[PDB]
Structure formats: structure tokens, C-alpha cells
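Participant: Got a structure for you, questions after.
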Amino acid sequence: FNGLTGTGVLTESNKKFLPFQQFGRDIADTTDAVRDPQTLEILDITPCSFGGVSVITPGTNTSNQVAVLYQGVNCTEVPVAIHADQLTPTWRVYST
Amino acid sequence: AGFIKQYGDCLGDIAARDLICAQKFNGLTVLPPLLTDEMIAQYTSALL
Amino acid sequence: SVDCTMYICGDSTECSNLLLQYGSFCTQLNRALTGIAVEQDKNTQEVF
Amino acid sequence: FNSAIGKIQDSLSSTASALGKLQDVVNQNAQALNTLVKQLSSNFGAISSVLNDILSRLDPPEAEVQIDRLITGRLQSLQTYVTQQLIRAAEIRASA
Amino acid sequence: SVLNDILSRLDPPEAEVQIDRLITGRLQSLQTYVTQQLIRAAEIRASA
Amino acid sequence: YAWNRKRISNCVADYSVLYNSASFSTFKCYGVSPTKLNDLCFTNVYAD
């Protein structure tokens with residue numbers, strides 16, 4: 001937006017922006033929200049879902065089988081981050 | 001605190017989409033404690 | 001134990017001179033490790 | 001004994017100050033994180049504090065120099081933070 | 001090693017680069033000092 | 001000594017044409033690559 005580049009999810013926000021204010025910032029000094037140059041609508045930017053990945057496995061001597069942990073993420077997103085839709089059916093089994 | 005408090009607000013939002021807070025914004029996440037607060041009470045109750 | 005000189009500069013005069021410009025960073029580090037080195041012995045004597 | 005216990009309820013209820021030993025720990029960590037977060041804003045001698053800007057701003061041959069300034073600095077800050085945590089953690093573990 | 005000479009002799013455009021080197025070193029040194037300082041203090045505290 | 005300043009704003013800018021001109025002997029940019037300039041948007045651009 002106007003050269004401000006980033007990645008995130010644009011959602012309608014309920015911030016009370018003043019008519020003069022172009023956009024807002026978080027404590028981080030990172031863009032919290034923007035208003036469209038085309039439409040005077042307020043959008044909050046929440047960075048797209050991500051989190052750590054950890055593998056829970058028994059000893060390799062014991063077995064190959066594993067279980068994966070997606071840190072602090074709702075189960076819904078696992079197909080989303082991965083772009084499971086694109087992948088082959090072999091991959092898809094893991095998605096959900 | 002500014003950031004930490006901001007993080008808590010993050011947990012509050014149901015409406016927001018694609019809101020994985022662990023990310024705060026720049027890779028800084030908070031792992032939960034293994035022994036949950038409820039559990040901690042049981043130890044103390046037992047200890048009691 | 002670690003000498004900075006070889007670890008950093010190892011047999012390179014051209015290197016070492018440039019190291020001197022750095023001042024006491026080495027002499028301090030080597031000192032600490034030595035201090036650390038003696039410490040474990042102190043630990044063993046104290047224990048056993 | 002019974003009356004004694006009730007007194008604690010009042011003292012704790014009356015003033016939060018009793019809790020300083022815990023509060024500072026939370027405060028300190030919060031402060032450390034805030035400081036760590038705030039560092040992102042520092043230019044470190046780079047033309048700008050935003051990675052996406054630099055990428056959009058400069059071609060790789062030139063950009064590499066500027067980004068490098070941030071990386072050496074930011075990493076150093078992160079390094080500073082970690083060292084603080086280890087020391088601080090030791091204190092807490094000592095308490096533990 | 002002297003701040004004034006850099007300012008005196010060199011134009012700021014050139015000086016800025018030079019001082020910057022000096023800055024990182026001392027700041028690094030103080031950083032080493034404080035870090036070193038914290039540890040010893042901890043040693044003292046346990047003793048205390 | 002008299003150098004003129006012109007204020008340019010409220011439009012869209014095609015800088016690539018400027019870059020793709022054989023006509024300029026020196027085209028050095030401090031901060032922007034001459035390419036990818038099309039991607040930037042600014043409050044005020046001043047030409048001297």
C-alpha cells in the first residue's frame with residue numbers, strides 16, 4: 001500500500017481512525033493498520049499464520065513413525081500454510 | 001510492558017483471521033509451561 | 001585452554017599486528033579461561 | 001493461627017507491593033523483550049531500519065552492504081539479550 | 001585513537017566511517033565489561 | 001549558487017524512461033537502484 005510492503009492478512013478493522021490519519025503502528029514500530037488509498041476503509045494487518053515445528057519421535061532404534069507438532073496454531077491452518085491443495089495425494093494425507 | 005501487553009491482546013481476538021500470535025510479529029513466541037496452572041494447584045494442594 | 005593468537009591469527013604476522021590494534025580483548029579472554037582452568041581444580045580439591 | 005492467616009489475606013489484598021519479588025521478574029522479562037523488540041527500529045548505520053524497504057530500495061550488490069549492517073548489529077543485540085537471559089535464568093534457577 | 005584528531009583531520013563524511021569503528025570497539029568493550037561484571041556479581045551474590 | 005528548486009507531486013512516476021535513456025552520462029543513485037524505482041511512492045519529490 002503506497003509502497004508499504006509486507007505480508008499478512010487484511011481484515012476489516014474497528015479502529016477509530018481520525019480523518020487525517022493515514023495509518024497506525026504497533027508498539028513494535030511496525031504497521032498495525034492501513035487505510036486503502038482507493039477506498040477509505042480501515043484494515044488491520046495481522047501477519048499470516050506461522051509457528052515452530054517440532055518432531056515428536058520415539059527412538060529411531062525403536063521406530064520410524066513420528067508425530068509432528070505445530071506450535072501455537074489452530075488445526076485449520078495446517079492445510080493453509082502448506083498449500084496442501086497444490087500437493088500430490090501422498091502429501092495430502094498428512095494435511096488433515 | 002508495551003510488547004508483552006500487546007501480545008496478551010493478541011490472545012483476546014476471536015474475530016481476527018490468520019492470527020497466530022506465537023509469531024509476535026518477528027519470530028518471538030512464548031512457549032506454554034508444561035505444568036499448567038491448574039496442575040500447579042494440584043501439586044500445591046497435595047503438598048498441602 | 002585457548003590462545004587467541006593461533007586461534008585467530010595462527011602463524012600470520014600480518015594477522016597478529018592487526019590483532020594488537022584490538023587491544024586487550026585477547027589477554028583478557030586468555031586470562032579468563034586460565035582463571036576458569038584453575039577453578040575446576042579448586043572445585044576438585046574442595047570436593048574430595 | 002486462624003487469626004494469623006486472615007491477616008495475610010489483608011496484607012496481600014491491601015498492597016501489591018508485597019509481590020515485588022515476583023513482579024520484577026515479570027517486569028524484567030517484559031523489559032528485555034521490549035528492548036529486544038525495539039531494536040528492530042534502529043538504523044545501525046543502515047540507510048533504513050526496514051528490511052523490506054532495503055530490498056525494494058537497493059539492488060543486491062549494494063543492498064548486501066546495508067543489510068549486513070543490520071545483521072551484525074541486530075544479531076549482536078540478540079546476542080546481548082541471550083546472555084542476559086542466561087545470567088538471569090541462573091539467578092532464578094538459583095532461587096529455584 | 002583520539003576522537004578530536006579524526007574530527008580535526010578528516011572531513012565528516014570520511015570521519016563518520018572512522019569514528020564508527022572506534023564506537024563499535026568501545027561499545028563492545030563496555031559490553032564485555034558489563035557481561036564480565038554481571039557474572040562476577042553473581043559470584044559475589046551466591047557468596048553473599 | 002542560485003540553484004532552482006521545483007516541487008513535484010500528485011501524480012504517477014515512470015522513472016524507467018529516465019533510466020532507459022542513453023543520454024545521461026552519469027546516473028548514480030544513492031539509496032535506490034535505478035531499477036525497481038517504479039515500485040516506490042513518496043510524499044514529496046524535489047528536483048534541482
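Each chain in the C-alpha cells gets a letter, A, B, ..., in the order shown, and its residues are numbered from 1; ligands are numbered from 1 in order too.
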Apply DSSP to the backbone of this structure and, from chain B, keep only the residues in alpha helix (DSSP H); write these as number ranges by chain.

Facilitator: B: 2-12, 37-47

Participant: Can you write just those residues out, N, CA, C and O atoms, as a short mmCIF file (atom, residue, chain, number, x, y, z; two decimals), in the first residue's frame?

Facilitator:
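Saved the output as again-v2.cif:
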data_model
loop_
_atom_site.label_atom_id
_atom_site.label_comp_id
_atom_site.auth_asym_id
_atom_site.auth_seq_id
_atom_site.Cartn_x
_atom_site.Cartn_y
_atom_site.Cartn_z
N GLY B 2 4.93 -2.71 27.16
CA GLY B 2 4.30 -2.44 25.89
C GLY B 2 4.05 -3.66 25.03
O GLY B 2 2.91 -3.95 24.67
N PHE B 3 5.12 -4.42 24.68
CA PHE B 3 5.06 -5.54 23.78
C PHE B 3 4.32 -6.69 24.39
O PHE B 3 3.41 -7.25 23.77
N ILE B 4 4.66 -7.03 25.64
CA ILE B 4 4.08 -8.17 26.31
C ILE B 4 2.60 -7.97 26.43
O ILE B 4 1.84 -8.91 26.22
N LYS B 5 2.16 -6.75 26.79
CA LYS B 5 0.77 -6.45 26.97
C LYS B 5 0.08 -6.56 25.65
O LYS B 5 -1.06 -7.03 25.57
N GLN B 6 0.76 -6.13 24.57
CA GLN B 6 0.24 -6.16 23.23
C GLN B 6 0.02 -7.58 22.83
O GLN B 6 -0.92 -7.89 22.10
N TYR B 7 0.91 -8.47 23.27
CA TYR B 7 0.83 -9.87 22.96
C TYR B 7 -0.43 -10.44 23.56
O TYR B 7 -1.14 -11.21 22.92
N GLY B 8 -0.77 -10.05 24.81
CA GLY B 8 -1.92 -10.56 25.51
C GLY B 8 -3.17 -10.18 24.78
O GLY B 8 -4.14 -10.93 24.77
N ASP B 9 -3.18 -8.98 24.18
CA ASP B 9 -4.32 -8.50 23.46
C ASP B 9 -4.54 -9.42 22.30
O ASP B 9 -5.67 -9.64 21.87
N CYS B 10 -3.45 -9.99 21.76
CA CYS B 10 -3.46 -10.85 20.61
C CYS B 10 -4.28 -12.07 20.90
O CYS B 10 -5.04 -12.53 20.05
N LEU B 11 -4.16 -12.62 22.13
CA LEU B 11 -4.87 -13.80 22.53
C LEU B 11 -6.34 -13.53 22.59
O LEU B 11 -7.16 -14.42 22.37
N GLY B 12 -6.71 -12.28 22.92
CA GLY B 12 -8.07 -11.89 23.12
C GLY B 12 -8.92 -11.99 21.88
O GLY B 12 -10.10 -12.31 21.98
N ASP B 37 -1.39 -24.24 35.03
CA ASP B 37 -1.68 -23.55 36.26
C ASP B 37 -2.61 -24.38 37.07
O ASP B 37 -2.51 -24.41 38.30
N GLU B 38 -3.57 -25.07 36.42
CA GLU B 38 -4.48 -25.89 37.16
C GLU B 38 -3.69 -26.98 37.83
O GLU B 38 -3.90 -27.28 39.00
N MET B 39 -2.73 -27.58 37.09
CA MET B 39 -1.96 -28.68 37.61
C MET B 39 -1.14 -28.21 38.77
O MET B 39 -1.03 -28.88 39.78
N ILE B 40 -0.57 -27.00 38.66
CA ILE B 40 0.30 -26.49 39.68
C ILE B 40 -0.46 -26.45 40.96
O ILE B 40 0.09 -26.66 42.04
N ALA B 41 -1.76 -26.11 40.88
CA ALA B 41 -2.57 -26.06 42.07
C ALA B 41 -2.67 -27.42 42.68
O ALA B 41 -2.64 -27.58 43.90
N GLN B 42 -2.81 -28.48 41.86
CA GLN B 42 -2.99 -29.78 42.44
C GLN B 42 -1.76 -30.17 43.20
O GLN B 42 -1.86 -30.75 44.28
N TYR B 43 -0.56 -29.84 42.67
CA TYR B 43 0.63 -30.17 43.40
C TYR B 43 0.54 -29.49 44.72
O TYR B 43 0.70 -30.13 45.76
N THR B 44 0.25 -28.18 44.73
CA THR B 44 0.25 -27.46 45.96
C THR B 44 -0.80 -28.00 46.88
O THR B 44 -0.57 -28.10 48.08
N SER B 45 -1.97 -28.37 46.34
CA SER B 45 -2.98 -28.93 47.20
C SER B 45 -2.45 -30.19 47.79
O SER B 45 -2.65 -30.44 48.97
N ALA B 46 -1.77 -31.04 46.99
CA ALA B 46 -1.24 -32.27 47.50
C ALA B 46 -0.19 -31.96 48.52
O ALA B 46 -0.16 -32.53 49.61
N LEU B 47 0.68 -30.98 48.20
CA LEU B 47 1.77 -30.59 49.04
C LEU B 47 1.17 -30.12 50.32
O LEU B 47 1.79 -30.20 51.37
#

Participant: For a quick test of understanding: name the residues of chain A lying within 10 Å of chain B when counting only C-alpha atoms, and present them as a PyMOL selection string.

Facilitator: chain A and resi 8-13+26-28+30+44-52+71-74+76-77+80

Participant: Mind dumping the selected residues with N, CA, C and O atoms as a CSV table (one decimal), in the first residue's frame?

Facilitator:
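The file below, part31.csv, is the result:
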chain,number,residue,atom,x,y,z
A,8,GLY,N,0.7,-10.4,5.3
A,8,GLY,CA,-0.2,-10.6,6.4
A,8,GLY,C,-1.6,-10.8,5.9
A,8,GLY,O,-1.8,-11.1,4.7
A,9,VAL,N,-2.6,-10.8,6.8
A,9,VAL,CA,-3.9,-11.0,6.5
A,9,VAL,C,-4.7,-9.7,6.6
A,9,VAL,O,-4.6,-9.1,7.7
A,10,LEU,N,-5.4,-9.2,5.6
A,10,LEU,CA,-6.0,-8.0,5.7
A,10,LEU,C,-7.4,-8.2,6.1
A,10,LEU,O,-8.2,-9.0,5.4
A,11,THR,N,-7.9,-7.6,7.2
A,11,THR,CA,-9.2,-7.8,7.7
A,11,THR,C,-9.8,-6.5,8.0
A,11,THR,O,-9.1,-5.5,8.2
A,12,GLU,N,-11.1,-6.4,8.0
A,12,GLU,CA,-11.8,-5.1,8.3
A,12,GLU,C,-11.5,-4.9,9.7
A,12,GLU,O,-11.6,-5.8,10.5
A,13,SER,N,-11.2,-3.6,10.1
A,13,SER,CA,-10.9,-3.4,11.5
A,13,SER,C,-11.9,-2.4,12.1
A,13,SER,O,-12.7,-1.8,11.4
A,26,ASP,N,2.1,-0.4,15.7
A,26,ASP,CA,2.1,-1.1,16.9
A,26,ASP,C,3.2,-0.7,17.8
A,26,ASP,O,3.9,0.3,17.4
A,27,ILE,N,3.4,-1.3,19.0
A,27,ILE,CA,4.5,-0.9,19.9
A,27,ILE,C,5.8,-1.1,19.2
A,27,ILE,O,6.8,-0.4,19.4
A,28,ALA,N,5.8,-2.2,18.4
A,28,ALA,CA,7.0,-2.7,17.6
A,28,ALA,C,7.5,-1.6,16.6
A,28,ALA,O,8.6,-1.8,16.1
A,30,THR,N,5.9,-1.2,13.9
A,30,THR,CA,5.6,-1.9,12.7
A,30,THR,C,4.1,-1.6,12.4
A,30,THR,O,3.3,-1.3,13.3
A,44,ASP,N,-6.9,-3.9,9.4
A,44,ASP,CA,-5.9,-4.3,10.3
A,44,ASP,C,-5.1,-5.3,9.7
A,44,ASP,O,-5.7,-6.2,9.0
A,45,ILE,N,-3.8,-5.3,9.9
A,45,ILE,CA,-2.9,-6.3,9.2
A,45,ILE,C,-2.4,-7.2,10.3
A,45,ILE,O,-1.7,-6.8,11.2
A,46,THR,N,-2.8,-8.5,10.2
A,46,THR,CA,-2.3,-9.5,11.1
A,46,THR,C,-1.4,-10.4,10.3
A,46,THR,O,-1.9,-11.0,9.3
A,47,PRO,N,-0.2,-10.6,10.7
A,47,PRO,CA,0.7,-11.4,9.9
A,47,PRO,C,0.1,-12.8,9.8
A,47,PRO,O,-0.4,-13.3,10.8
A,48,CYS,N,0.3,-13.4,8.6
A,48,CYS,CA,-0.2,-14.7,8.3
A,48,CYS,C,0.4,-15.7,9.3
A,48,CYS,O,1.4,-15.5,9.9
A,49,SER,N,-0.4,-16.8,9.5
A,49,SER,CA,-0.1,-17.8,10.4
A,49,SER,C,1.2,-18.4,10.3
A,49,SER,O,1.6,-18.8,9.2
A,50,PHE,N,2.0,-18.6,11.4
A,50,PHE,CA,3.2,-19.3,11.4
A,50,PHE,C,3.5,-19.7,12.8
A,50,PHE,O,2.8,-19.3,13.7
A,51,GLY,N,4.5,-20.6,12.9
A,51,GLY,CA,4.8,-21.1,14.3
A,51,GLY,C,5.9,-22.1,14.1
A,51,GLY,O,6.3,-22.5,13.0
A,52,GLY,N,6.4,-22.6,15.3
A,52,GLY,CA,7.5,-23.5,15.2
A,52,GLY,C,7.0,-24.9,14.9
A,52,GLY,O,5.9,-25.2,15.1
A,71,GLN,N,3.5,-25.6,16.6
A,71,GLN,CA,3.3,-24.8,17.8
A,71,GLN,C,2.4,-23.6,17.6
A,71,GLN,O,2.4,-22.9,16.5
A,72,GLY,N,1.5,-23.4,18.5
A,72,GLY,CA,0.6,-22.4,18.7
A,72,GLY,C,-0.2,-22.1,17.4
A,72,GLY,O,-0.2,-20.9,16.9
A,73,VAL,N,-0.8,-23.1,16.8
A,73,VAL,CA,-1.6,-22.8,15.6
A,73,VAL,C,-2.8,-23.7,15.7
A,73,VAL,O,-2.8,-24.8,16.2
A,74,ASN,N,-3.9,-23.1,15.1
A,74,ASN,CA,-5.2,-23.8,15.1
A,74,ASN,C,-5.0,-24.8,14.0
A,74,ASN,O,-4.3,-24.6,13.0
A,76,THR,N,-6.8,-25.7,11.7
A,76,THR,CA,-7.4,-25.3,10.4
A,76,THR,C,-6.3,-24.9,9.5
A,76,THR,O,-6.4,-25.3,8.3
A,77,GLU,N,-5.3,-24.1,9.9
A,77,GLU,CA,-4.3,-23.5,9.1
A,77,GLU,C,-3.3,-24.5,8.5
A,77,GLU,O,-2.7,-24.1,7.5
A,80,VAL,N,-3.5,-24.6,5.1
A,80,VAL,CA,-3.2,-23.3,4.5
A,80,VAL,C,-1.8,-23.0,4.4
A,80,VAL,O,-1.4,-22.5,3.3

Participant: Could you produce a table of the residues of chain F lying within 12 Å of chain D, with the nearest pair of atoms per residue and their separation in Å rounded to one decimal, using only C-alpha atoms, ordered by chain and increasing residue number, as CSV?

Facilitator:
residue,atom,partner,partner_atom,distance
F:29,CA,D:58,CA,9.4
F:30,CA,D:58,CA,8.9
F:31,CA,D:58,CA,6.2
F:32,CA,D:57,CA,4.7
F:33,CA,D:58,CA,4.7
F:34,CA,D:58,CA,8.4
F:35,CA,D:59,CA,7.9
F:36,CA,D:56,CA,6.8
F:37,CA,D:57,CA,7.3
F:38,CA,D:56,CA,9.9
F:39,CA,D:56,CA,7.3
F:40,CA,D:56,CA,7.8
F:41,CA,D:57,CA,11.1

Participant: Output C-alpha atoms for every residue in that selection, as a PDB file, in the first residue's frame.

Facilitator:
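Output file again.pdb is given in full below:
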ATOM      1  CA  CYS F  29      21.551   6.787  -7.186  1.00  0.00           C
ATOM      2  CA  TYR F  30      22.324   6.727  -3.506  1.00  0.00           C
ATOM      3  CA  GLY F  31      19.650   4.603  -1.925  1.00  0.00           C
ATOM      4  CA  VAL F  32      17.565   3.487  -4.843  1.00  0.00           C
ATOM      5  CA  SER F  33      18.613   1.194  -7.512  1.00  0.00           C
ATOM      6  CA  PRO F  34      17.793   2.964 -10.714  1.00  0.00           C
ATOM      7  CA  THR F  35      15.735  -0.060 -11.495  1.00  0.00           C
ATOM      8  CA  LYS F  36      12.924  -1.012  -9.144  1.00  0.00           C
ATOM      9  CA  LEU F  37      12.462   2.715  -8.640  1.00  0.00           C
ATOM     10  CA  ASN F  38       8.999   2.348 -10.149  1.00  0.00           C
ATOM     11  CA  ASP F  39       7.917   0.471  -7.005  1.00  0.00           C
ATOM     12  CA  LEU F  40       8.388   3.427  -4.644  1.00  0.00           C
ATOM     13  CA  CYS F  41       5.859   6.032  -3.619  1.00  0.00           C
TER      14      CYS F  41
END

Participant: Pick out the residues sitting within 12 Å of range 13-15 of chain E, and hand them over as a list in words; count only C-alpha atoms, and ignore anything fewer than 6 positions along from it in its own chain.

Facilitator: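 My reading of the contact set: residues 2, 3, 4, 5, 6, 7, 21, 22 and 23 of chain E.
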
Participant: Mind dumping the selected residues with N, CA and C atoms as an mmCIF file, in the first residue's frame?

Facilitator:
data_model
loop_
_atom_site.group_PDB
_atom_site.id
_atom_site.type_symbol
_atom_site.label_atom_id
_atom_site.label_comp_id
_atom_site.auth_asym_id
_atom_site.auth_seq_id
_atom_site.Cartn_x
_atom_site.Cartn_y
_atom_site.Cartn_z
ATOM 1 N N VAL E 2 42.297 9.067 18.983
ATOM 2 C CA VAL E 2 41.680 10.220 19.586
ATOM 3 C C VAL E 2 40.569 10.698 18.707
ATOM 4 N N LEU E 3 39.422 11.012 19.331
ATOM 5 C CA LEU E 3 38.237 11.439 18.643
ATOM 6 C C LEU E 3 38.475 12.755 17.969
ATOM 7 N N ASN E 4 39.179 13.681 18.649
ATOM 8 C CA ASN E 4 39.371 15.007 18.139
ATOM 9 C C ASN E 4 40.172 14.988 16.875
ATOM 10 N N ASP E 5 41.221 14.150 16.803
ATOM 11 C CA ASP E 5 42.046 14.168 15.631
ATOM 12 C C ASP E 5 41.253 13.762 14.428
ATOM 13 N N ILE E 6 40.347 12.778 14.574
ATOM 14 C CA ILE E 6 39.577 12.338 13.445
ATOM 15 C C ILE E 6 38.742 13.487 12.982
ATOM 16 N N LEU E 7 38.122 14.213 13.931
ATOM 17 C CA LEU E 7 37.296 15.326 13.566
ATOM 18 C C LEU E 7 38.152 16.377 12.923
ATOM 19 N N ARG E 21 34.093 2.967 13.636
ATOM 20 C CA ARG E 21 34.892 1.834 14.004
ATOM 21 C C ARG E 21 35.220 1.920 15.458
ATOM 22 N N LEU E 22 35.607 3.122 15.908
ATOM 23 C CA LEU E 22 36.015 3.358 17.264
ATOM 24 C C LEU E 22 34.840 3.097 18.164
ATOM 25 N N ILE E 23 33.629 3.471 17.719
ATOM 26 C CA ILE E 23 32.470 3.335 18.559
ATOM 27 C C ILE E 23 32.193 1.890 18.837
#

Participant: At a cut-off of 8 Å, can you tabulate as CSV every residue of chain D near chain B together with its closest atom pair and the distance in Å to one decimal, using only C-alpha atoms and ordering rows by chain then number?

Facilitator:
residue,atom,partner,partner_atom,distance
D:27,CA,B:1,CA,7.2
D:30,CA,B:1,CA,5.7
D:31,CA,B:1,CA,6.7
D:33,CA,B:3,CA,7.2
D:34,CA,B:3,CA,5.6
D:37,CA,B:3,CA,7.6

Participant: Would you save the residues of that selection, restricted to N, CA and C atoms, as a PDB file, in the first residue's frame?

Facilitator:
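So part32.pdb came out as:
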ATOM      1  N   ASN D  27       8.519  -8.060  35.188  1.00  0.00           N
ATOM      2  CA  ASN D  27       8.834  -6.768  34.655  1.00  0.00           C
ATOM      3  C   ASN D  27      10.098  -6.837  33.854  1.00  0.00           C
ATOM      4  N   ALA D  30       9.715  -8.554  30.613  1.00  0.00           N
ATOM      5  CA  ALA D  30       8.942  -7.756  29.708  1.00  0.00           C
ATOM      6  C   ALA D  30       9.846  -6.714  29.147  1.00  0.00           C
ATOM      7  N   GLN D  31      10.689  -6.125  30.018  1.00  0.00           N
ATOM      8  CA  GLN D  31      11.574  -5.078  29.607  1.00  0.00           C
ATOM      9  C   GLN D  31      12.550  -5.624  28.611  1.00  0.00           C
ATOM     10  N   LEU D  33      12.205  -8.119  26.576  1.00  0.00           N
ATOM     11  CA  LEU D  33      11.567  -8.346  25.310  1.00  0.00           C
ATOM     12  C   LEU D  33      11.300  -7.046  24.623  1.00  0.00           C
ATOM     13  N   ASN D  34      10.860  -6.021  25.381  1.00  0.00           N
ATOM     14  CA  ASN D  34      10.544  -4.764  24.767  1.00  0.00           C
ATOM     15  C   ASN D  34      11.785  -4.221  24.139  1.00  0.00           C
ATOM     16  N   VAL D  37      12.537  -6.012  21.153  1.00  0.00           N
ATOM     17  CA  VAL D  37      11.663  -5.708  20.055  1.00  0.00           C
ATOM     18  C   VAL D  37      11.998  -4.370  19.457  1.00  0.00           C
TER      19      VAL D  37
END

Participant: If you run DSSP on the backbone, which residues of chain F are strand (DSSP E or B), as a list in words?

Facilitator: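 Going through chain F, the strand (DSSP E or B) residues come out as residues 6, 7, 8, 45, 46 and 47 of chain F.
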
Participant: Calculate how many Å separate CA of residue 2 in chain C from CA of residue 30 in chain C, rounding to one decimal.

Facilitator: 6.6 Å

Participant: So which one's closest to chain C, E:42, E:36, E:12, E:18? Using only C-alpha atoms, please.

Facilitator: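 Using only C-alpha atoms, chain C sits closest to E:36.
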
Participant: Tell me, in Å to one decimal, how far CA of residue 19 in chain C is from CA of residue 4 in chain C.

Facilitator: 9.4 Å
